[PDB]
Q: 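Let me give you the structure first, and then I'll get to my questions.
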Amino acid sequence: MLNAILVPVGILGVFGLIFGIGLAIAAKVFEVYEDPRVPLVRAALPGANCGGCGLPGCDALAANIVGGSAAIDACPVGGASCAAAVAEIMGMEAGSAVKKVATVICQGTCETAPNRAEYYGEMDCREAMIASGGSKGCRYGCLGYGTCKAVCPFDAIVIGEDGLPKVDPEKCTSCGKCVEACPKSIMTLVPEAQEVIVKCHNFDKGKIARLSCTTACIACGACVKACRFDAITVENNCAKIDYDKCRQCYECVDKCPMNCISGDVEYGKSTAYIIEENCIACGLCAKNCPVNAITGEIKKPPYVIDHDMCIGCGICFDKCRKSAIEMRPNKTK
Amino acid sequence: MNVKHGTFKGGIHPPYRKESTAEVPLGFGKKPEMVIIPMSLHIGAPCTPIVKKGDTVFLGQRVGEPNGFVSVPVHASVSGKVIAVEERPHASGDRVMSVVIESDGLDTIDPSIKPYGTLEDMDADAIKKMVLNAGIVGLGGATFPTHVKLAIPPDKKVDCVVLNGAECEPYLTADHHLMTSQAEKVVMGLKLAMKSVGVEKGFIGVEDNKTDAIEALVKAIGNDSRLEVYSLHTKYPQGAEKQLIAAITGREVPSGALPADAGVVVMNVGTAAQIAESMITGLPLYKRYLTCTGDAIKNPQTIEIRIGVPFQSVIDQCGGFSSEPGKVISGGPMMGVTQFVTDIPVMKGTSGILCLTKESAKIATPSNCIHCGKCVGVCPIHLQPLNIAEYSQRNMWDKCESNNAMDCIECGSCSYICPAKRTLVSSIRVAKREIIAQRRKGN
Amino acid sequence: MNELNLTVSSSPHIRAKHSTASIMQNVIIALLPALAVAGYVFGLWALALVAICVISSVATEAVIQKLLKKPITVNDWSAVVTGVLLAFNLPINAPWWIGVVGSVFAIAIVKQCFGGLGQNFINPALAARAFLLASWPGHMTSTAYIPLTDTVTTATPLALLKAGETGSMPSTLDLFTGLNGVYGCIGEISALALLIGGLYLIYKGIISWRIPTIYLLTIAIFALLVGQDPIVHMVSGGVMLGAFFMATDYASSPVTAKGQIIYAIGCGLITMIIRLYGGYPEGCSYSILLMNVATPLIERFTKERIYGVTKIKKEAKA
Amino acid sequence: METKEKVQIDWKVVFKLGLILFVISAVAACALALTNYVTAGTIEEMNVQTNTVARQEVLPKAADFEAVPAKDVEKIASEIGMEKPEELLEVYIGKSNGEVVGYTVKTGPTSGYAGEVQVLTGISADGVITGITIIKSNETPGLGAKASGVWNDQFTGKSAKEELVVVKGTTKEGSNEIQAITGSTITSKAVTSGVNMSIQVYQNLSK
Amino acid sequence: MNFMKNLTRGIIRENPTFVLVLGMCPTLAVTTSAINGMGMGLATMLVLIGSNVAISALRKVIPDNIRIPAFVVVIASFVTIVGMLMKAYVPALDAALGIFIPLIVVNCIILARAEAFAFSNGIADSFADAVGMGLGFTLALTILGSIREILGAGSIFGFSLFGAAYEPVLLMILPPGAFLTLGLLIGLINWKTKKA
Amino acid sequence: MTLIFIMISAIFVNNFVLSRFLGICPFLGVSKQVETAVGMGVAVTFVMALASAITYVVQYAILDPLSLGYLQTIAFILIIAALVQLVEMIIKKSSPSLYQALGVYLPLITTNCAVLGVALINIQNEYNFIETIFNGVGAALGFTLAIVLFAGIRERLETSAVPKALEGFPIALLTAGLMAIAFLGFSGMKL
Ligand SMILES: Cc1cc2nc3c(=O)[nH]c(=O)nc-3n(C[C@H](O)[C@H](O)[C@H](O)COP(=O)(O)O)c2cc1C
Ligand SMILES: Cc1cc2nc3c(=O)[nH]c(=O)nc-3n(C[C@H](O)[C@H](O)[C@H](O)CO)c2cc1C
Ligand code: SF4
Ligand code: SF4
Ligand code: SF4
Ligand code: SF4
Ligand code: SF4
Ligand code: SF4
Ligand code: SF4
Ligand code: SF4
Ligand code: SF4
Ligand code: SF4
Ligand code: FES
Ligand code: NA
Ligand code: NA
Ligand code: NA
Ligand code: NA
Ligand code: NA
Ligand code: NA
Ligand code: NA
């Protein structure tokens, strides 16, 4: 019983010791690969091979580190919080960003903007662009064959019965796969809190555009005179809104004669809706901010002010020292 | 004279319906009453109008000024009064800035037009200046400027000029009429181009279904030993500037290098005739030949017509519509472009108007590929169209590029022979456009 | 105020006249004489079996095209070709359900699981035949081929050839015509009819001379090098039907000439090897299937040179 | 110079990478051997038990069995003209009250579909076959493994005077004739060859 | 709250046969009957449980350069002990699965789970993971074996269904007849997963 | 003559993948491209060629004249694991680092079921040194040929309309079954 226990133990132990020493030696001489600082950013990435990239994959994005060949904020899909998580392994960064969704600047649906001729070929937007640009009467509108839906990886676009795409805000993750795939340059990225958008891309004059579509832009310029923040400009015979200067006052919406500007008139009307707690009867807002809207006498708390006018821009919500004014949208519907 | 023979590999044999208008005489259009002249009748930079509404113009007076080096001037076809300098519908599907002139009934010639000279005293510099001054572009279809073509860079060497007489698209006949009628002007234009470039060799290549044109050219050449005539087998892609070079000279243009790197200068016969005519008379390019034919035309014919006349005027002059058309095409059946309206004027590169009926314009829907392999056998560049089309249909541009999709000449032969009625050449065009666009946004 | 309403598309604006249905109908027309010979020799049950297979194939296809929400493309006559060629590979003593099972296997699994027409890489009829031979060997081996009225033959010519009993074999003229006691598959006995159909298909431009010519030449040279009779090897078995009709399938063959030559040489070599030293009396089906497997490897080494380029010596990516 | 004189400690970390592995292997051995000490012999018993079943089911009788010293087996294999030796494994003699009853013979024939089979048979005093069985085979479970079933029953009743021939037919014709399984003929031929060699051995021994 | 999630990952969410597609050789080899699959799954589950617990009990002293020899040593010891016991007491199952019982050491699931879950977790989680993976393996093997046996033999668990005149499909019990079957099954699962 | 016949039987007649069900997981794993299949094949060939000789020497010089035949599997797998660890060390340094795209199948070479399988087959068949080397080389070459053919077929199928639900693993299994039938044509040959 002694020998039958002793012999296999010795044989297997000698084999294991020799193999271990050999592998330990072969750790040197051969591969060392000199690659420090194990990735540690793939866990902070969450990547799904979306496409706002072009370095060969998220794993290669984690493996390309410590060479300094990539930008810190290269991935826009995750956001500034994702960038902070990724680069927080090294640190010295902080930031924030704004969420965005895809949108379609067109509202001509197969009966207000009909077709000039009949098209033969494959049902694709670029294939139709080969056939001399398409068969629609408007040369800037939607073809309706859903290339943007075909290139979407997160299943966020559907094609309606009227021929225009619809985007789900809960499945769209702020990329541009549909933006550079559209042959008409129609898909755009807009902040999620924006409701005032000019939906047209027609670069013709008034008469030709009027003959082409029902809701075309005739470049009259009546929306520019309504805006006092210089946020909407008419260029190339078409109007466009700058979302950085837009206070959402809902004036250009009512002033348009061809119904090109989106949004419904339900806004504002909160002229000095002042909380009585944190105002000292200063009375500085009674004098002037572009409308009258406040006039009275001293206005000790509680304030006695009738509300029938003013535009509800929002500057008075912040310019107060104590910010006693509260804005609540309360109108019809 | 010693007439040699040539051929190439690949190609198709269409019905070649040219017998309708080949035996009819040549017609001449009536005096127009209104012309629309666009500012872009070439490739490059469009011109700038130098006339206003209410002005009075002469015949041959310039109405557009060139912008850069690759740009030609634009002249007037009739004498009358300017009524509009707005923008008007174009053959490309959109609207282009144009000048509209209403005729006066009298063809008053601008009192600044005189003959340039003769062959023996003009030399290369003045020949090139005269070619630029008259606004001559390429009448073979692409409308590339000719004065840019005759300027060889110092790092290139050429030794021969070849004239393209191998008219190969069906239904088209105007080149046959021009060669049988005005051969001496063609020979004179060939000589002028040879002197301008500075070579001592010239070739003319004509297909063998136009034998009377071959005899006319042989008789017109005379005792000159530096000029030769070739006979080519009747096939469709024979005349595409590359198969012609391979058939006549035996050389091959390199992969993306232009014909100038093979030492050849290729020019159409109509361009040579226009060069000779403009040298002799001193008048610019304002008139050319056309073939009005098809299934819905009452009286098809080949007719000489000025530049700026609408399509509907030509159709009305050729009898009219025997039945309601289903397709109107500018050019031939293999490479033409379908139109939306009939208000389009004729241009410098317009060689025919083809109107088909509703029964002849119908094609069945595409089906599954059956792997027969005929597209591989008909390609003159020796590509594999099925693989490129299938890769392009699912947005794989890297596989399209690695399969040599950028050297397709877009001849259409692959799409003609498919039993499944697929749309191969359009898919190859989509792939080429995507590759070219990606080369700019990533570089 | 009359309008025009023209059509806009891309070039070209003319097409050729041939289509898929014309090609398939021409294949059926070419296969007709072998059907006539089979009906004359074997009787009325030889035709009925054929009908059964055809019906099954068509039915199967339609059902799938109704369930997957696809257009029903059954008027291109391709399932008819598959059913006829599958029915030609059966003995006279086979039950009615064998054709149904083989047709369902050939259409549902081989063809429609890969996308449909032209989207597979393997031959449907030969794969179905191999599946039938593996699953039910008692209904497909060496006794089902002799009619029940004859009781003297008891062996088909290839079995007698492999056993050395050459003196009891039928005459070479009889094997060429198939009219004086030659038994086997119903649509394989006569080589004259298959040759006539193949010549008709070559004349129409549907197939070419390369595959059948090189197949038969390789078989003859292999037979001559080992001291056997080449003509007897060519006019016996199922090599004429395979050479002219089954090795020339569009979806499982190379598209270039050099690949087709290599394909035919390999087919002939494997066929003769399995015939001489294998565990089967015939090796046509397995040789064709094995060359179907190897086709994508041949295609990447035998592609033509492109106009323009003048070769790069593997130094453009270093 | 050992890649520019690795600094001392680089060898110490080698030692800790060996010893641990060593002890792990030792522990593994210290298990396996012990299990062998309580298992292996028991397994052997099971084997011989099955063997004795094969020696009792083939020859159903109440008697005793005796084994040759295996030298006579090699002597019989050397003589008679056995082309392939070492194909006869065990020969036994059945004794009941002195009178010889028969012999039980085990043979392993080659030339099967998947290699070598093991066939045991038993022959009485007057030449008859009292039953055959298959001990070890590696054929296909659905095609060649059917030999250890109904097909084994038909071997009884044949006389040990002449050889046996297999036919691929339903009709069994006449004497000394074997009908094979449909779609499986090589296994039947191998079993019949083993039976024939056992018959030859019994004919030589009983003379 | 964490033991149950690891236990139930197991059969459905991360099935080794239907999702990970691992351990394919015994799956395509022994599943010609509904009895072989159950026994193979049970033996594999025992070995997996033992190896996972033993490896997770030693994830503090094993260096990263000699991990594979230690892993295979532990797995081979467990496989050898199990095979010795099965030879001692169950000879029929050992004879039916003769070559793949020594091959349990190389099964593509034990080593895959050793370097993915056991090397970085505690004893409690590894036990649940091993139990779930073994149950999923056994269930998949039993289903595949039953499906193949019914078509290729006409019986379920040795009990005949169609009579004594049935002619089976002998390709289903052959090596080419396994592949196709498994593929179809996986396709069905996909059709009921993305569409629902 | 014996060596040529044993090589022919190892490559064609008795293929390890399409007949014996041995190298299946890397067959279905890394056969998406033709470039990776060649490297996997050459690595497999190196491992089997090095393992066969060492297993032969260990079995016939130590295990047999000591009555320790119950230690075959653990010793064999220890040798194979050490070889695979050395190969894994070598590949990322000297071989291209872009070839670490297996990403699970590189440490699973020890589990390939065809290295240990061929070692056990060599031991059971009672061969010699040269016969064992030839058998290992033939098995490796058969594995390489099968995986290259599979990769080529998959590259061809990349342009086909597999509907939406079969795709990768089901279509790979169906393709493998069809190739298995075609190789089932290679049966009954006696060499
Ligand atoms: C398919 C195809 C066919 C062509 N056929 C002709 C033709 O018949 N005649 C011709 O003059 N140019 C033809 N061309 C144009 C030539 O390629 C080339 O541009 C022309 O000879 C230049 O003439 P130019 O110098 O007068 O512009 C064809 C081009 C293509 C792509
Ligand atoms: C020349 C030619 C040969 C064909 N050969 C076969 C054949 O051998 N087997 C078959 O099932 N179908 C055959 N077909 C028809 C079949 O539907 C098609 O070729 C594809 O194999 C189906 O994917 C053939 C068709 C043609 C045109
Ligand atoms: S955009 Fe970001 S998440 Fe998407 S694939 Fe690129 S790196 Fe990954
Ligand atoms: S938005 Fe652009 S891509 Fe989408 S359907 Fe309209 S034209 Fe096509
Ligand atoms: S809708 Fe456009 S931006 Fe949104 S996920 Fe889809 S492709 Fe990306
Ligand atoms: S006019 Fe404006 S809204 Fe109408 S189709 Fe054109 S782009 Fe769209
Ligand atoms: S008011 Fe409306 S139509 Fe006028 S310019 Fe503004 S957007 Fe265009
Ligand atoms: S909503 Fe108000 S701020 Fe915005 S563009 Fe219109 S007028 Fe200007
Ligand atoms: S603090 Fe604000 S609310 Fe109060 S008086 Fe001043 S401006 Fe008005
Ligand atoms: S700041 Fe703007 S919103 Fe506030 S009261 Fe003045 S005008 Fe109205
Ligand atoms: S269009 Fe392009 S691909 Fe088609 S035949 Fe012509 S050159 Fe070849
Ligand atoms: S011609 Fe059409 S059907 Fe034939 S191979 Fe080419 S693409 Fe396919
Ligand atoms: S290779 Fe055999 S189980 Fe994975
Ligand atoms: Na197996
Ligand atoms: Na074991
Ligand atoms: Na295993
Ligand atoms: Na792993
Ligand atoms: Na197999
Ligand atoms: Na796998
Ligand atoms: Na097989």
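Note that ligands are numbered from 1 as they come in the structure, with each ligand's atoms numbered from 1 the same way. Hydrogens, waters and symmetry mates play no part in the numbers below; they use all other heavy atoms, side chains included. Residue numbers begin at 1 in each chain, while the letters A, B, ... track the order of the sequences.
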Q: In total, how many protein N/O/S atoms does one find closer than 3.0 Å to the Na ion (ligand 19)?
A: 1
Q: Applying the side-chain contact (heavy atoms from CB on, under 4.5 Å) test to F:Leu106, which of F:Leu102, F:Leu108, F:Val104 qualifies?
A: F:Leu102
Q: Mark yes or no for whether C:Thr82, through its side chain, and C:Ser78, through its backbone, hold a donor-acceptor pair below 3.5 Å.
A: yes
Q: Run B:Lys432 and B:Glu410 through salt bridge (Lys or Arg N to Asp or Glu O under 4.0 Å) and show every step you take.
A: CA-CA 11 Å; B:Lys432 286 177 80 163; B:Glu410 296 156 20; 3.2 Å; yes
Q: Kindly assign one of parallel, tilted or perpendicular to the pair F:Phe27 and F:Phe150, based on the angle between their ring planes and the thresholds 30° and 60°.
A: parallel
Q: Donor-acceptor pair, distance only, cut-off 3.5 Å: does the side chain of F:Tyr105 make one with the backbone of F:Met40?
A: no
Q: Between B:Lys399 and B:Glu390, is there a side-chain N and carboxylate O pair less than 4.0 Å apart?
A: no
Q: Pairs under 3.5 angstrom only: tabulate donor-acceptor contacts from the side chains of residues 378-387 of chain B to other protein residues two or more places apart or in another chain.
A:
{"unit_1": "B:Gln384", "atom_1": "OE1", "unit_2": "B:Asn387", "atom_2": "ND2", "d": "3.0"}

Q: Tally every protein N/O/S atom whose distance to atom 4 (Fe) of ligand 12 is less than 2.8 Å; waters are neither shown nor counted.
A: 1
Q: Is there a donor-acceptor contact under 3.5 Å from the side chain of C:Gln260 to the main chain of C:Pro254?
A: yes
Q: The criterion is salt bridge (charged side-chain N to carboxylate O under 4.0 Å, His left out); which residues satisfy it with A:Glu122, sequence neighbours excluded?
A: none
